[PDB]
Amino acid sequence: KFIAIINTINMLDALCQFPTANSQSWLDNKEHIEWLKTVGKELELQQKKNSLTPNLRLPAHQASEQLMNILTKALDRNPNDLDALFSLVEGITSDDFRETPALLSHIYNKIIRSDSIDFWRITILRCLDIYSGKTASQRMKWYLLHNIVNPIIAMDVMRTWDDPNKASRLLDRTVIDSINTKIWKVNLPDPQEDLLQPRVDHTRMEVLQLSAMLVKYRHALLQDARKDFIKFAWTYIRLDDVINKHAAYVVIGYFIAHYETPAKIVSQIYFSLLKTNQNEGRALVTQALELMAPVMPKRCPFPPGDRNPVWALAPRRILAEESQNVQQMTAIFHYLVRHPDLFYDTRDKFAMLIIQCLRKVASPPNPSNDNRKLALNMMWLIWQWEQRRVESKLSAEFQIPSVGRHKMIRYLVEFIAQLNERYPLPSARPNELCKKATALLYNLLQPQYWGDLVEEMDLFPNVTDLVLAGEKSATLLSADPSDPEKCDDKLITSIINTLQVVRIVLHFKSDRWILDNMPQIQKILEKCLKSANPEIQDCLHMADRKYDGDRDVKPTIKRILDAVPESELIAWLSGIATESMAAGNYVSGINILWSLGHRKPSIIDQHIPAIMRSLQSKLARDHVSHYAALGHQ
Amino acid sequence: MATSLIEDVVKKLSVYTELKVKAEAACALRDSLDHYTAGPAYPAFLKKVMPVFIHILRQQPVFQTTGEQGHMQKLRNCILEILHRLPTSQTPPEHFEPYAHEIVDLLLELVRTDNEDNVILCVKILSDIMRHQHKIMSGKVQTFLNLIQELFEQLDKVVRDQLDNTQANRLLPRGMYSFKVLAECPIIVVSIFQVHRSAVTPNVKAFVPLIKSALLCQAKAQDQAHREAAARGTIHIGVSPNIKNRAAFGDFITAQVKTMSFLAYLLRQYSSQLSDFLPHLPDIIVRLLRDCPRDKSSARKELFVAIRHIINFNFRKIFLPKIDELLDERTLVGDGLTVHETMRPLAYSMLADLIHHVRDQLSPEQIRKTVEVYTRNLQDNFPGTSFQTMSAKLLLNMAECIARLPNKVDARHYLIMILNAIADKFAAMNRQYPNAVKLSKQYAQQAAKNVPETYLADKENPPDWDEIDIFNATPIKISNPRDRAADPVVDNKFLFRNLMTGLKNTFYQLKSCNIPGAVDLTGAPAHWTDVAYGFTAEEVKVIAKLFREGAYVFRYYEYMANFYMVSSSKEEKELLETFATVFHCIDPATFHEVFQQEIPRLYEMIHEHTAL
């Protein structure tokens, strides 16, 4: 019998392959459709088990798709016959057929895009009636009914996007009243007892999504159902499922942003959201906080002259209570950075906490990228607070204790030293975090800003020594750049970053400090000045506006030379240049002589012969030879 | 400072309003100790606070949670929190060490006699004290191991009382009959083992029977539910309705998964002591998966990570009989919404790894079930493409093993099914091209804007939507794409490249499954000797659809001689060569009758993508 069924299905599918013939009138008979559905259900049930003979598998597989296409084609004629559509949907969702794109491609292009405000309200009401209790329809069917309900509302919203306060004639009073009665006004005596059926969570999520969309896009139509909406949202918060609970929180936050609520509920919801610690639904909590917090001052005004809001102390309260859990601190800081203006006033109780927790958030040994981003973001937040204070003063305010500033500065220096990215240079062979960190460090040390601290600041001896004077680092710097084995990228990146930070700090030092500390500067830079790697020399000597991000930070060599009164440094540099040129390492010698000449021309007279010999021997010779070879090619 | 001194003297002379004031002062000191947690004056406060707390703690247990009872409960809570919150590190200037014996003994006695809401914090305090104060408290680990052994021994009787023999107005039971402390114990025990090393060798032998019995423990209601479900031939999942206390059930499963994690941790080196217990492990895993409540997703995630840790130890051979049972989606995932929305890739990836490792000894039915399940997984609508890529890679890997089946008909059928699944995926990808292009452009513009994102209506951003946005136009966002930072075009190209690479291997494997004697090859060119033969009318359709859908996906790479690298790049050219080489390995008659039918469609297609 199955061979006969397959042949009949194939013949019927072959028929109606040319719809522009008026020969499809045979699809209007209902007995034929029912018989087709029965035989199709039998064939599909036989397929589900490995019962068919091994010769009839693929033909039946293809016949099932042919049958579904035939059913959709029959459905296409007379779209308004919704009973057939509901029966087909029930069959699909009841594990009787196999879904095919044709059903959705018909739903779209016949119902969702129907060019009539009528035939939408009828469909919405019928879908709600099927959803509105009545049983006789499993949960999957309700979800698939919401699948058709929501797109109609979305399309109506899209079609009425214009200036003259366009009204939604589709959203008449009757449809809103029916929605209220069937979803909002209905107070479930014990919806938990109904949890003993599968897939209900998906229907609950769908109704929550529908309500959220309706609020967000037609807030002006819920003035007669505000209270019912509040009761609905609050009742659904009790759900034990994480995602449903957070969706309810998002809905209530939407309403709070779009409406007025007494401060008790907003405070309670905010406090409850802050205590949240489960890593699931993090994005939902982020969205809820973003929607709620900005309008908090309007919802929670404070007396004039009062700088201790309850909602301001609540985050501090949780920070104190749950300091043992790192996830809570990460979440609270993530919330805090996004809104610096609101907490600018209360920074008094937050700045020290941020500075202390900076070390905890990011581990010096091996932190994660998100941790680094968060630490840099909090750094930028406090910098923004300081800039706001300075601008307000220009246009006895709290200031951080010097101990906190020192700890922050040393931590930032170490973080820049141990950064992953490499500072861009003109000589790099063929970066945002490093740029931001360097810009922040430069901005902080300005004179009116914390720049008053440089006088007592040393040159970070521990970090500078362990990064530059290391024996492994020394030999790698003295190693051949050509050999990849002695070209550890991470170490060289660390050298470049430490060189940049020492340059920035020296740009702010005092001449007397440089003269006094000359031996330490010599000890630190002696290893690097002999390097044959172009990047190191570019770091030491070159200083270009393009790569500095609009910062006038003169090179280190120029600064130290200008510090010398119009000495030992000049003789030392001349000796380095002489020994480098003699050894054949022109890269260091040329740069050193360039800097010296830019300082005082009188010293290159005894160096002219070496420069001339190098030019006549290697550089110009190889350049001309290369261009001659290119011409030959 | 005066407030602290007056509060301290009031407390000292103590031995509603007065009790409320004392609670406020004590818990405010708890909150504000950050200014005094570390300092040279700590010894004085320590020695002056310990006696009062010890004297107060000697009072009888209080079970009520209202009025003065609640007041004293809060007093004790925010008094004992100091011990945990204090800097109890092992630094040289530690001053608690010399005065720890009496306090830790009293805390152990409290754990013996206190209640849930107190014993939990007491055991946590004991664990944190032992983590740092082991220098001189090393001799009292015997009492702690004896107490935890007693708890593990009485777990059975408490479970029996709670299941078999079974807020202000409530009465708080004794902590000895609570599942929370039992569930929290394993982490503390592991930490203690990590700290010390002198009391690990002999105690593991005593622990092993206890963990074995705890894992073997079962509820009569759930057991009979499973038995009747098996009798009916079906499988029962969820929570048995006969259970009157669902929360107790959930706590029991949480304790079970914690014990399973402890077993996985202990199996690292002490596996020799647990050799006899291996055969019951898979059945217990299946039972726990079936009985796990839908709501408790964290328990399921912990169970998944535990199974990953156990399978990594090369003990896979024992899981073979239950492979068929685990394939069922109801057992592996369940009805949980959060699980279905977040953790499906993890479970299916671990199952794919397990199947891949032990592929050698799989029966035909298991092969068929895996092929069906992962072909269905390939067509899923997950937001990304990593899940699809994993499913495709598993299918391609299993293609090689599918060709070793004794029956050639089944092997040919399964290979053809894999090809059909790939063709359907190509069609699905073809269906989403304009949406992907539009979303790529929109993401580029949005990233260019560089402004904070707000979830509110905006006139500057008209809500454009199309066919592919049927169920993605609602305000709620389960996971923001911004965190992913994914470009649909790039992901589609990656998936397409992976599928194209696997196609050649699949066709080569199919090349070695001809049924001997099916067709006559008396005279044939040497070029057409090892190719695949014997195609029916239904497989030519599959091959033609494969070609026609594969050719049209090259739009994602958007005169012709192109002597220099222009228009089409090296990657596109090599992908085209790989795609064309696939059709060199079929019967010449099939080649003729396929391309004689496909040439007009190809000619039409060239007008849109000239690189074809």
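- Method information in the entry identifies cryo-EM as the source of the structure, with 3.5 Å recorded as the resolution.

**Some thoughts on the overall build of chain A**
Alright, step 1. Counting its regular elements, chain A contains 31 helices and 0 strands.
Alright, step 2. Judged by the C-alpha coordinates and their principal axes, chain A covers about 110 × 80 × 50 Å.
Alright, step 3. Each of the 633 residues in chain A was classed as buried or not, and the buried ones make up 48%.
Alright, step 4. In the form shown here, chain A has an accessible surface area of approximately 32,900 Å², with 54% of it arising from carbon and sulfur atoms.
Alright, step 5. With 77 positive and 73 negative side-chain charges, chain A shows a separation of 2 Å between the mean positions of the two kinds.

**Some points on the pattern of salt bridges**
Alright, step 1. Counting across every chain of the model gives 46 salt bridges over all chains.
Alright, step 2. The residue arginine 77 of chain A makes a salt bridge to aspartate 28 of chain A at a minimum N-O spacing of 3.3 Å. Of this pair, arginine 77 of chain A sits in the loop between helix 3 (57-76) and helix 4 (82-93) while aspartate 28 of chain A sits in the loop between helix 1 (2-14) and helix 2 (30-48); the two residues are 49 residues apart in sequence, bridging distant segments of the chain.
Alright, step 3. Of the charged contacts, one joins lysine 322 of chain B and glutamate 325 of chain B as a salt bridge, the two residues approaching to 2.9 Å between their closest N and O atoms.
Alright, step 4. According to the relative accessible area criterion, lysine 322 of chain B is partly exposed, its value standing at 22%.
Alright, step 5. Each of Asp201 and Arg204 of chain A together with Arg294 of chain B takes part in one network of salt bridges that share partners.

**As for the interface of chain B and chain A**
Alright, step 1. Chain B puts 43 residues into the contact, and the matching count from chain A is 52 residues.
Alright, step 2. Taking both partners together, chain B and chain A bury about 4,500 Å²; carbon and sulfur atoms supply 60% of that area.
Alright, step 3. Residue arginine 57 of chain A is joined to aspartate 410 of chain B by a salt bridge in which the shortest nitrogen-to-oxygen separation is 3.7 Å.
Alright, step 4. Where chain B touches chain A, the interface holds 11 residue pairs in polar contact.

**Some thoughts on helix 18 (residues 351-361) of chain A**
Alright, step 1. Buried within helix 18 of chain A are the following residues: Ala351, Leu353, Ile354, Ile355, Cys357, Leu358 and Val361 of chain A.
Alright, step 2. Check the buried side of helix 18 of chain A and you find it contacts helix 15 (310-321), helix 16 (326-338), helix 19 (369-394) and helix 20 (402-417) of chain A.

**Thoughts on the state of the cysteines**
All names here are of chain B.
Alright, step 1. Counted according to the given criterion, the structure contains 1 disulfide over all chains.
Alright, step 2. The thiol of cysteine 513 is not disulfide-bonded; the next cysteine sulfur, from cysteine 401, is found 11 Å away.
Alright, step 3. Take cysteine 513: its relative accessible area is 1%, and that puts it in the buried class.

**A look at a negative patch on the surface**
Residue and element names in this part refer to chain B.
Alright, step 1. On the surface, a cluster of negative charge is contributed by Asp324, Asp328, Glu329 and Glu365.
Alright, step 2. Take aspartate 324: it is sitting in helix 14 (residues 323-327).
Alright, step 3. Owing to a relative accessible area of 35%, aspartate 324 belongs among the partly exposed residues under this scheme.

**What to know about the packing of aromatic side chains**
Residues and elements named next belong to chain B.
Alright, step 1. This model, assessed by the stated rule, comprises 28 aromatic pairs over all chains.
Alright, step 2. Between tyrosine 348 and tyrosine 374, the ring centres sit 6.2 Å apart and the planes meet at 80 degrees, which makes this aromatic pair edge-to-face. Of the two residues, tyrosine 348 is situated in helix 17 (residues 344-357) and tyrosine 374 in helix 18 (residues 364-378); the sequence distance between them amounts to 26 residues. In this pair, the class of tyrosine 348 matches that of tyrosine 374, namely buried.
Alright, step 3. Here the aromatic residues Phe426, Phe496, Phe547, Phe554, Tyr557, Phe579, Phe583, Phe591 and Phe595 are joined through ring pairs into a cluster of three or more.
Alright, step 4. Above the face of the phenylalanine 535 ring, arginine 412 is positioned so that its terminal group lies 5.5 Å from the ring centre.
Alright, step 5. Here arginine 555 stacks its cationic end above the ring of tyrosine 433, 4.7 Å away from the centre of that ring.

**As for a nonpolar patch on the surface**
All names here are of chain A.
Alright, step 1. Taken together, the side chains of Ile608, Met612, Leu615 and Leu619 present a nonpolar region at the surface, about 320 Å² in accessible area.
Alright, step 2. Of note, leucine 619 is situated in helix 31 (residues 608-632).
Alright, step 3. A relative accessible area of 35% places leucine 619 in the partly exposed class.

**Some remarks on the side chain of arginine 389 of chain A**
Alright, step 1. Mapping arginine 389 of chain A onto the fold places it in helix 19.
Alright, step 2. Non-local contacts of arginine 389 of chain A, meaning those with residues more than four positions away in its chain, are made with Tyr344, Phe398 and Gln399 of chain A.

**Details of helix 7 (residues 141-164) of chain B**
Alright, step 1. Over its 24 residues, helix 7 of chain B runs 34 Å from end to end, which matches the ideal 34 Å to within 8%, given 1.5 Å per residue.
Alright, step 2. Taking the largest bend as the criterion, helix 7 of chain B deviates by roughly 35 degrees, centred on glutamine 154 of chain B.

**Regarding the packing of helix 5 (residues 101-113) of chain B against helix 6 (residues 116-132) of chain B**
Residues and elements named next belong to chain B.
Alright, step 1. As a packed pair, helix 5 and helix 6 sit with axes 9 Å apart at the nearest point and diverge in direction by 145 degrees. As for how helix 5 packs across helix 6, the hand of that crossing is left-handed. Where helix 5 approaches helix 6, its residues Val104, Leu107, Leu108, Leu110 and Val111 are matched on the opposing element by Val119, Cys122, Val123, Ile125, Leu126 and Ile129.
Alright, step 2. Counted by class, the contact of helix 5 with helix 6 contains 11 nonpolar, no polar and no charged residues.

**Quick word on the side chain of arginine 218 of chain A**
Residue and element names in this part refer to chain A.
Alright, step 1. Tracing the backbone shows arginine 218 in helix 9 (residues 200-218).
Alright, step 2. With a relative accessible area of 11%, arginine 218 lands in the buried category.
Alright, step 3. Among the polar contacts made by the side chain of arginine 218, one reaches the side chain of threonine 160 at a distance of 3.1 Å.
Alright, step 4. Apart from residues lying up to four places away in sequence, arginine 218 is in contact with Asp156, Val157, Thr160, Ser168 and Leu171.

Criteria and cut-off values
Residues numbered from 1 in each chain as written, not as in the entry; some residues may be left out. Chains lettered and ligands numbered in written order. Part of a larger assembly, values for the part shown. Heavy atoms only, no water. Helix = DSSP H or I, 4+ residues; strand = E, 2+ residues; numbered from the N terminus. Buried < 20%, exposed > 50% of the residue type's maximum accessible area, 1.4 Å probe, protein only. Areas by Shrake-Rupley, 256 points an atom, 1.4 Å probe, with all protein chains shown as cover. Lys, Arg positive; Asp, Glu negative; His and termini not counted. Charge placed at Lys NZ, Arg CZ, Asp CG, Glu CD. Salt bridge = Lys/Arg side-chain N within 4 Å of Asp/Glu carboxyl O. Contact = heavy atoms within 4.5 Å. Buried area = accessible area lost by both parts, 1.4 Å probe. Polar contact = N/O pair within 3.5 Å; in protein donor to acceptor, adjacent residues only side chain to side chain. Disulfide = S-S within 2.5 Å. Patch = residues over 30% accessible without salt bridge, like charges linked within 9 Å, V, L, I, M, F, W, Y side chains within 5 Å. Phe/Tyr/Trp six-rings, centres within 6.5 Å; stacked < 30°, edge-to-face > 60°. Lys NZ or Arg CZ within 6 Å of the ring centre and 35° of its normal. Expected span 1.5 Å × (residues − 1). Bend = angle between axes of the 7 residues up to and from the residue. Axes fitted to C-alpha atoms, helices over the stretch in contact; angles between N-to-C directions. Left-handed = near helix turned anticlockwise from the far one by under 90°. Nonpolar A, V, L, I, M, F, W, Y, C, P; charged D, E, K, R; others polar.

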